[PDB]
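Trainee: Enclosed are the sequence and the experimentally obtained structure.
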Amino acid sequence: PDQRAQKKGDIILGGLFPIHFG
Amino acid sequence: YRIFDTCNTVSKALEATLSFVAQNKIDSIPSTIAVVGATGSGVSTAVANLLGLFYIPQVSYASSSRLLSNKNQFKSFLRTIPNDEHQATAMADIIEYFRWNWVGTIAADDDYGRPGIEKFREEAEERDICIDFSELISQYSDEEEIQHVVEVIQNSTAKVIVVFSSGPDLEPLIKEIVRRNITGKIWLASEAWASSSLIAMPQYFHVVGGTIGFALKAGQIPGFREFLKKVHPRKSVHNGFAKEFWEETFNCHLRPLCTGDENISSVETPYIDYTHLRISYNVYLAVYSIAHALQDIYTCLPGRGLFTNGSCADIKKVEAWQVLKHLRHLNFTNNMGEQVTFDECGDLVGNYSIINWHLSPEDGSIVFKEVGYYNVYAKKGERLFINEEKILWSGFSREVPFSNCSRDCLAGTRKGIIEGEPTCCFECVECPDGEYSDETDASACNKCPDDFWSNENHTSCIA
Amino acid sequence: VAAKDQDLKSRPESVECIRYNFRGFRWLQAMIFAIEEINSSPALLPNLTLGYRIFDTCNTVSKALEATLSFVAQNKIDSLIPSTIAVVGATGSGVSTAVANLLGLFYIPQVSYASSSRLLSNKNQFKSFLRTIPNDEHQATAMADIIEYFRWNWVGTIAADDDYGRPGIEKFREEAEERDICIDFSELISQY
Ligand SMILES: *[C@@H]1O[C@H](CO)[C@@H](O[C@@H]2O[C@H](CO)[C@@H](O)[C@H](O)[C@H]2NC(C)=O)[C@H](O)[C@H]1NC(C)=O
Ligand SMILES: *[C@@H]1O[C@H](CO)[C@@H](O[C@@H]2O[C@H](CO)[C@@H](O)[C@H](O)[C@H]2NC(C)=O)[C@H](O)[C@H]1NC(C)=O
Ligand SMILES: O=C(O)[C@@H]1Cc2c([nH]c3ccccc23)CN1
Ligand SMILES: O=C(O)[C@@H]1Cc2c([nH]c3ccccc23)CN1
Ligand SMILES: *[C@@H]1O[C@H](CO)[C@@H](O)[C@H](O)[C@H]1NC(C)=O
Ligand SMILES: *[C@@H]1O[C@H](CO)[C@@H](O)[C@H](O)[C@H]1NC(C)=O
Ligand SMILES: [Ca+2]
Ligand SMILES: [Ca+2]
Ligand SMILES: [Ca+2]
Ligand SMILES: [Ca+2]
């Protein structure tokens, strides 16, 4: 997925959000 | 963090989840220790089927289906939103409070709408409410199905309709109902569309105004608003969605060429046009629940550990299942001072607020006015409180509407069965002479005692 | 699977499967026999041998998903080992729903033999799902027709709390209320 919010760190938290309605 | 767009779609969320479990897939690329998501309950179900395989904790913020509380199938699912059982019971209470018994139900054909509407149906048959129609909807629904649902709504005399659905899944139905100008229904909204911007649009008010819906308990995130206005497609490099956000906000491309100098406050979008942070506060608490589990790991003691023989995992080599275990024994205080403790199913009990859709006198938009609340910490029957003088029925009226199948039978009259119709649909039959009815909605006619006979009006006994 | 509930005090192990199913083994033998008879017939797929990689689901979503991750390995490597061209399975509708969710990402056809849920007829969500078993709409309507045939009107319903029992029991509820059949109780059960 090209559109993605990444920031590096010691511990990585995944995220899932509906930036588009469909 | 590694954050993806699901587009309310199982496929996108599953691609993102396969990204999350890549290291685990090689074992069975950074190591995702926990996942925050997702919104839809079908999306979260598909994601939990995969994350629970690798025992990666998944703390959702909006998925409120009861099906997600089955910890045998969903071993690593938690949520900061409450379950849908209380909400279906609450709509049953609302209908029993305004003295209706002839209501219809519409539900999104997904893991959100169906279980909630089923719990509502159980509570309704427990509270002697008759359900005329039960219809299923989806956002990707053919025009034939939507027309059939609309015809059913028209072919029915139930003013009150209970809708377990999200905004997008309900949108085509509302469009077709508006196009036919079906005015005079009383919509009871679940949390997913009670504040939806896809439905609470001013050109649908004549159809959806006066909607009585549920909202979550608002939270406080100090500094979140100033953070929101600091967004910039160039100053924000981690947030890859910032570019498209800016483009859709200002109708320009990085369409006119953008300037990178427009003001977020100039455009009116749900990005900063909020009055309460309800799902946003759920995201905040998901992230803080994960962080407090990690802190619990970070401040462990060699003799006091959740794991075998009180052993404490090292935060420098922490695994996802350890964070899951520490999320099952989590008890931390919020910024607002409340305690967050996930139950045996990872559900967070929470109050409900009851809002009503009123038109904006100045702007013309649809204003959500808190008309009541539902206290999930109270005993059954005392959980609902609605202040009926703050409700504008259909958005303009002040008279509580009528949604019974048949008018009440007056005194001196009994109820009679219309076969092929539910029990709430009765006719009024005059009591035979010698039999009286002194009540309203009496089933059988009461016989007069000895030395006594019914009146002319059959309402009591005279010697 | 085994009844051991993980307390997460130690690294979670792989769950152990219980209650060997001879009927399921006969189903697997049916798949193998069909593949072998196709590979020996000079009238269907000549000069090509059909291979197979058949796994055990233990009527559980997790085992099926492990196998499915072994089915989409090349495909998911491409997105982010022989390539499986199609999957025969699975039995349970929840298992098949999870497997179809994973397989429709890569458009791998999945032809189930026993998943009769109506929810798997949504091709928007299950793009690559097919079934050789009929859907349960007719079966629920048939139970309604049977209750009407014997002139009963006072029945109770027990549904499995899964993607099989719930949709079927709702369809039966609609058909029964259409036929003036009054359901007294509606309980949901599960093996766990
Ligand atoms: C609609 O029907 C309901 C029946 O559920 C009526 O509710 C009853 O109202 C009377 C008021 O005189 C109470 O004594 C009963 O206890 C109520 N029944 C309940 C709570 O089950 C309601 O009054 C009817 N309203 C209209 C406008 O027809
Ligand atoms: C859920 O809502 C109820 C009522 O809205 C809350 O109980 C109230 O608590 C405040 C102080 O916190 C009191 O002043 C009120 O008198 C209470 N009302 C009652 C008991 O009816 C309850 O605290 C809420 N639960 C939460 C926020 O977790
Ligand atoms: O699980 C579900 O499908 C819903 C999704 C949802 C809820 N509240 C929302 C507000 C906005 C958008 C989506 C939602 C409640 N849980
Ligand atoms: O979709 C489902 O879950 C069921 C599973 C199932 C059916 N018939 C069976 C016979 C034996 C074992 C399992 C089954 C019908 N479809
Ligand atoms: C829709 O119905 C309402 C109520 O009768 C009426 O006031 C309004 O003019 C109608 N609008 C259209 C476009 O028919
Ligand atoms: C959570 O912790 C608070 C103290 O911070 C305590 O009063 C409360 O009883 C705890 N709740 C549970 C469920 O352990
Ligand atoms: Ca979602
Ligand atoms: Ca919405
Ligand atoms: Ca009827
Ligand atoms: Ca199976």
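Mentor: Great, that's in hand. Numbers count the residues shown, from 1 in each chain, chains lettered A, B, ... in the order given. Ligands and ions are numbered 1, 2, ... in the order given.
Trainee: All the helices of chain C, residue numbers only.
Mentor: According to DSSP state H, chain C carries its helices in the segments C:22-39, C:61-69, C:73-79, C:93-103, C:137-149, C:165-178.
Trainee: now the ones you listed as CSV including mean neighbour count and distance to ligand 1?
Mentor: (C-beta placed from N, C-alpha, C; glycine too.) Formatted as CSV, these follow (neighbours: other Cβ atoms under 10 Å in any protein chain shown; distance: least, Cβ to the nearest ligand atom, whole Å):
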stretch, mean neighbour count, distance to ligand 1
helix C:22-39, 12, 50
helix C:61-69, 22, 43
helix C:73-79, 15, 56
helix C:93-103, 27, 38
helix C:137-149, 15, 28
helix C:165-178, 20, 19
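Trainee: Can you say which of these is nearest to residue B:306?
Mentor: Taking Cβ to Cβ, helix C:61-69 is the member of the helices of chain C nearest to residue B:306, at 23.2 Å.
Trainee: Next, see if the closest one gets close to chain B.
Mentor: Yes: applying Cβ under 8 Å from any Cβ of the partner chain, one finds helix C:61-69 in contact with chain B at C:61, C:62, C:65, C:66, C:69.
Trainee: rewinding a little: of the helices of chain C, give the one that comes closest to ligand 2.
Mentor: With Cβ to the nearest ligand atom, the closest approach to ligand 2 among the helices of chain C belongs to helix C:165-178: 31.6 Å.
Trainee: Who are the packing partners of the closest one?
Mentor: When contacts are defined as 3 or more Cβ pairs under 8 Å, 6 or more residues apart in numbering or on different chains; DSSP states H and E, helix C:165-178 packs onto helix B:113-126, helix C:137-149, strand C:154-160, strand C:182-189.
Trainee: can you do 10 Å?
Mentor: helix B:113-126, strand B:130-137, helix C:93-103, helix C:137-149, strand C:154-160, strand C:182-189 (3 or more Cβ pairs under 10 Å, 6 or more residues apart in numbering or on different chains; DSSP states H and E).
Trainee: wait, what's in contact with the residue of chain B found nearest ligand 4?
Mentor: In chain B, the residue that lies nearest ligand 4 is residue B:73 (14.1 Å; Cβ to the nearest ligand atom). Neighbour list for residue B:73: B:45, B:48-49, B:52, B:67, C:60-62, C:94, C:98, C:161-162, C:190, C:192 [criterion: Cβ atoms under 10 Å, 6 or more residues apart in numbering or on different chains].
Trainee: Could you give me the ChimeraX syntax to select whichever of these are buried?
Mentor: Only the buried entries of the contacts of residue B:73 go into this ChimeraX selection, using 16 or more other Cβ atoms under 10 Å in any protein chain shown:
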select /B:45,48,49,52,67 /C:60,61,62,94,98,161,162
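Trainee: Mind putting the contacts of residue B:73 into TSV with distance to residue C:19?
Mentor: Formatted as TSV, the contacts of residue B:73 follow (distance: Cβ to Cβ, whole Å):
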residue	distance to residue C:19
B:45	26
B:48	26
B:49	23
B:52	22
B:67	25
C:60	12
C:61	17
C:62	17
C:94	18
C:98	21
C:161	20
C:162	18
C:190	16
C:192	14
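Trainee: Also within reach of ligand 10: list those from the contacts of residue B:73.
Mentor: Near ligand 10, taking Cβ under 5 Å from the ion as the test, no member of those is found.
Trainee: which stretches of chain B form helices?
Mentor: Ranges of helices within chain B are B:10-20, B:22-27, B:41-51, B:85-97, B:113-126, B:143-154, B:167-179, B:191-194, B:205-208, B:224-229, B:242-250, B:279-298, B:320-327, based on DSSP H.
Trainee: can I get the ones you listed in JSON lines with distance to residue C:42?
Mentor: Converted to JSON lines, the helices of chain B look like this (distance: least, Cβ to Cβ, whole Å):
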{"stretch": "helix B:10-20", "distance to residue C:42": "41"}
{"stretch": "helix B:22-27", "distance to residue C:42": "40"}
{"stretch": "helix B:41-51", "distance to residue C:42": "43"}
{"stretch": "helix B:85-97", "distance to residue C:42": "61"}
{"stretch": "helix B:113-126", "distance to residue C:42": "50"}
{"stretch": "helix B:143-154", "distance to residue C:42": "47"}
{"stretch": "helix B:167-179", "distance to residue C:42": "52"}
{"stretch": "helix B:191-194", "distance to residue C:42": "58"}
{"stretch": "helix B:205-208", "distance to residue C:42": "66"}
{"stretch": "helix B:224-229", "distance to residue C:42": "69"}
{"stretch": "helix B:242-250", "distance to residue C:42": "57"}
{"stretch": "helix B:279-298", "distance to residue C:42": "61"}
{"stretch": "helix B:320-327", "distance to residue C:42": "53"}
